[PDB]
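Novice: Structure incoming, see below.
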Amino acid sequence: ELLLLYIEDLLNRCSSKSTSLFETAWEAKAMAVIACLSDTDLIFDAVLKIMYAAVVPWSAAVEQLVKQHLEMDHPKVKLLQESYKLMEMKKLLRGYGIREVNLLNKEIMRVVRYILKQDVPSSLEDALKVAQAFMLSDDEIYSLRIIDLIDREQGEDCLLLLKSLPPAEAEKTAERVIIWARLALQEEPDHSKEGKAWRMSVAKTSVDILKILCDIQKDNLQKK
Amino acid sequence: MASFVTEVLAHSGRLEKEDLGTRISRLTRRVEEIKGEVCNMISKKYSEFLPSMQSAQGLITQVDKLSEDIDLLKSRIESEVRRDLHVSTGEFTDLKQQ
């Protein structure tokens with residue numbers, strides 16, 4: 001217990017004031033203390049506390065420690081993999097300029113919108129895991145992707161994404177995008193060329209996705 | 001009990017029309033500050049809104065106190081317009097428009 005508390009104090013005296021990420025003196029001193037432990041329960045959680053204090057991404061020695069602790073078996077190794085994917089989402093967030101740890105619930109949709117505004121080929125995948133790890137439905141992810149592509153008049157990409165999706169989430173995305181399209185068409189018409197072009201594109205992209213949804217819902221008589 | 005209020009008004013009669021115009025300009029530039037702030041946090045709340053949750057309550061407070069300032073300065077202008085209706089009307093109304 002005192003060795004673990006010494007490791008915690010060593011983490012606190014370095015990482016809390018860490019302006020420059022070169023104070024690696026705690027890693028070398030903490031590995032020896034890890035080797036001094038005799039209880040397996042107090043080794044994995046000590047390494048986790050190293051994980052929960054070190055700045056993502058960690059250094060080379062810490063990377064060796066993580067790969068070592070992934071190899072053996074323990075009930076807390078599942079928690080270690082949870083912390084590993086936590087490191088992954090922290091890496092994603094800090095690569096997209098969001099450095100706060102564990103945004104609570106309300107900024108997840110804003111983060112997804114920001115990632116989808118980067119036009120990265122993996123931005124859809126990046127925003128997928130944001131709602132996955134934070135326990136939010138994939139319906140919103142693909143719905144917003146289809147809406148963004150419609151606003152860009154790229155309905156062919158919407159069609160290929162819909163055909164790539166499983167039908168279960170495809171129904172949910174299609175009904176929501178149809179509701180959004182009718183609501184957006186309910187406001188005042190735009191007399192500019194771009195406005196009317198957008199209405200025409202929205203209608204043309206809605207007709208064939210409605211056809212696909214009709215093909216999907218052949219047996220659901222209430223929805224049919 | 002003999003005419004002491006008249007000299008107290010002199011301590012408040014130092015607020016000239018130039019001082020009224022400076023306050024109008026100050027309120028206009030603060031309105032512009034808040035307008036630019038709202039334009040900034042619109043894109044924040046739509047794209048990138050980490051460091052502005054407390055700034056929303058700060059906006060509520062500053063807009064409330066700015067509305068109070070607008071109301072009190074309008075009351076001050078209206079109090080003096082009715083007094084001088086022949087010599088100070090034009091310059092009071094010119095700044096009341098802003």
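Labels used: A, B, ... for chains in the order of the structure tokens, numbers from 1 for residues in each chain, and numbers from 1 for ligands as shown.
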Which residues come within 10 Å of residue A:59, counting only C-alpha atoms, excluding same-chain residues fewer than 5 positions away, as a list in words?
Specialist: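 Residues near the query, excluding close chain neighbours: residues 21, 22, 24, 27, 54, 64 and 65 of chain A.
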Novice: I'd like a table as a tab-separated table: residues in chain A with an atom no more than 7 Å from chain B, each row giving the shortest atom pair and its distance in Å to one decimal, only C-alpha atoms counted, sorted by chain and rising residue number.
Specialist:
residue	atom	partner	partner_atom	distance
A:110	CA	B:47	CA	6.0
A:113	CA	B:47	CA	6.1
A:114	CA	B:47	CA	4.7
Novice: Could you work out how far atom CA of residue B:62 lies from atom CA of residue B:93, giving the answer in Å with one decimal?
Specialist: 26.0 Å
Novice: If we count only C-alpha atoms and set the cut-off at 12 Å, which residues sit around residue B:70, ignoring sequence neighbours fewer than 2 positions away in its own chain? Please answer as a tab-separated table (two decimals) with N, CA, C and O atoms, in the first residue's frame.
Specialist:
chain	number	residue	atom	x	y	z
B	23	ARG	N	-20.97	58.08	-23.36
B	23	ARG	CA	-21.69	56.93	-22.84
B	23	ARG	C	-22.46	56.20	-23.94
B	23	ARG	O	-22.53	54.97	-23.93
B	24	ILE	N	-23.05	56.94	-24.88
B	24	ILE	CA	-23.72	56.30	-26.01
B	24	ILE	C	-22.73	55.48	-26.82
B	24	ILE	O	-23.02	54.35	-27.22
B	25	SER	N	-21.54	56.04	-27.09
B	25	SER	CA	-20.52	55.31	-27.83
B	25	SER	C	-20.05	54.09	-27.05
B	25	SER	O	-19.79	53.03	-27.64
B	26	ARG	N	-19.91	54.22	-25.73
B	26	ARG	CA	-19.50	53.09	-24.90
B	26	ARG	C	-20.53	51.97	-24.96
B	26	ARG	O	-20.18	50.79	-25.10
B	27	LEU	N	-21.82	52.31	-24.84
B	27	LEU	CA	-22.86	51.30	-24.96
B	27	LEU	C	-22.91	50.69	-26.35
B	27	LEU	O	-23.14	49.48	-26.46
B	28	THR	N	-22.70	51.48	-27.40
B	28	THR	CA	-22.66	50.93	-28.75
B	28	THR	C	-21.51	49.95	-28.92
B	28	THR	O	-21.68	48.88	-29.51
B	30	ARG	N	-19.99	48.27	-26.54
B	30	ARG	CA	-20.26	47.08	-25.75
B	30	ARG	C	-21.31	46.19	-26.41
B	30	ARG	O	-21.22	44.96	-26.33
B	31	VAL	N	-22.30	46.80	-27.06
B	31	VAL	CA	-23.26	46.03	-27.85
B	31	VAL	C	-22.55	45.29	-28.97
B	31	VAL	O	-22.83	44.12	-29.24
B	63	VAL	N	-25.47	40.76	-20.60
B	63	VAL	CA	-26.59	41.27	-21.39
B	63	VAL	C	-27.66	41.85	-20.48
B	63	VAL	O	-28.28	42.87	-20.80
B	64	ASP	N	-27.89	41.23	-19.31
B	64	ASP	CA	-28.85	41.80	-18.36
B	64	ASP	C	-28.39	43.17	-17.87
B	64	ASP	O	-29.19	44.12	-17.86
B	65	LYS	N	-27.12	43.30	-17.49
B	65	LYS	CA	-26.66	44.59	-16.99
B	65	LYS	C	-26.57	45.62	-18.11
B	65	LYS	O	-26.75	46.82	-17.87
B	66	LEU	N	-26.33	45.18	-19.35
B	66	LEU	CA	-26.34	46.12	-20.46
B	66	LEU	C	-27.75	46.61	-20.78
B	66	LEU	O	-27.93	47.78	-21.12
B	67	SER	N	-28.75	45.73	-20.68
B	67	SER	CA	-30.13	46.17	-20.81
B	67	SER	C	-30.50	47.15	-19.71
B	67	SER	O	-31.19	48.15	-19.96
B	68	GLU	N	-30.05	46.88	-18.48
B	68	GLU	CA	-30.29	47.82	-17.39
B	68	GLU	C	-29.62	49.16	-17.65
B	68	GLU	O	-30.21	50.21	-17.37
B	72	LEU	N	-31.54	52.73	-17.96
B	72	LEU	CA	-31.25	53.85	-17.07
B	72	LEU	C	-30.77	55.06	-17.86
B	72	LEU	O	-31.12	56.20	-17.53
B	73	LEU	N	-29.98	54.85	-18.92
B	73	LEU	CA	-29.55	55.98	-19.73
B	73	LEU	C	-30.70	56.57	-20.54
B	73	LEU	O	-30.76	57.79	-20.73
B	74	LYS	N	-31.63	55.73	-21.02
B	74	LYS	CA	-32.82	56.26	-21.67
B	74	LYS	C	-33.66	57.09	-20.70
B	74	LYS	O	-34.18	58.15	-21.07
B	75	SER	N	-33.80	56.61	-19.46
B	75	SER	CA	-34.51	57.39	-18.45
B	75	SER	C	-33.81	58.71	-18.16
B	75	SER	O	-34.47	59.74	-18.02
B	76	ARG	N	-32.48	58.70	-18.08
B	76	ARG	CA	-31.73	59.93	-17.88
B	76	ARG	C	-31.94	60.90	-19.04
B	76	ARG	O	-32.11	62.11	-18.81
B	77	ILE	N	-31.92	60.40	-20.28
B	77	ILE	CA	-32.14	61.27	-21.43
B	77	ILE	C	-33.55	61.86	-21.39
B	77	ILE	O	-33.73	63.06	-21.61
B	96	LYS	N	-30.03	59.67	-28.69
B	96	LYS	CA	-31.08	58.72	-28.34
B	96	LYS	C	-31.40	57.80	-29.51
B	96	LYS	O	-31.81	56.66	-29.30
B	98	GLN	N	-29.13	56.55	-31.61
B	98	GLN	CA	-28.13	55.50	-31.48
B	98	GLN	C	-28.40	54.60	-30.28
B	98	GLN	O	-28.19	53.39	-30.36
Novice: Which of stretch 1-84 of chain B counts as helix (DSSP H, G or I) under DSSP, as a PyMOL selection string please?
Specialist: chain B and resi 5-12+17-46+53-81
Novice: Restricting the calculation to only C-alpha atoms: of A:194, A:71, A:107, A:23, which residue gets closest to residue A:44?
Specialist: A:71
Novice: Within 10 Å of stretch 205-208 of chain A, which residues of stretch 44-160 of chain A come that close, and what is the closest atom pair and distance in Å for each? Count only C-alpha atoms and give it as CSV.
Specialist:
residue,atom,partner,partner_atom,distance
A:150,CA,A:205,CA,7.8
A:153,CA,A:205,CA,8.8
A:154,CA,A:205,CA,8.9
A:155,CA,A:205,CA,5.6
A:156,CA,A:205,CA,8.1
A:158,CA,A:205,CA,8.3
A:159,CA,A:205,CA,8.3
Novice: Write out as a ChimeraX atom specification each polymer residue whose atoms come within 12 Å of residue A:179, counting only C-alpha atoms; drop sequence neighbours fewer than 3 positions from it.
Specialist: /A:143,147,172-176,182-186,202,206,210
Novice: Please, could you write that set of residues out with C-alpha atoms as a short mmCIF file (atom, residue, chain, number, x, y, z; two decimals), in the first residue's frame?
Specialist:
data_model
loop_
_atom_site.label_atom_id
_atom_site.label_comp_id
_atom_site.auth_asym_id
_atom_site.auth_seq_id
_atom_site.Cartn_x
_atom_site.Cartn_y
_atom_site.Cartn_z
CA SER A 143 -28.30 10.35 -39.92
CA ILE A 147 -27.69 15.09 -43.79
CA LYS A 172 -33.86 4.23 -38.33
CA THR A 173 -31.56 6.51 -40.34
CA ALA A 174 -33.94 6.64 -43.32
CA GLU A 175 -37.06 7.55 -41.34
CA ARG A 176 -35.22 10.30 -39.46
CA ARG A 182 -39.95 17.21 -44.95
CA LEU A 183 -39.37 19.61 -42.04
CA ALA A 184 -36.67 21.46 -44.01
CA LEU A 185 -38.96 21.68 -47.03
CA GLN A 186 -41.76 23.03 -44.81
CA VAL A 202 -33.36 16.79 -51.48
CA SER A 206 -35.54 11.23 -50.80
CA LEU A 210 -38.00 5.85 -49.80
#
Novice: So what do you get for atom CA of residue A:141 versus atom CA of residue A:88, distance-wise?
Specialist: 19.3 Å
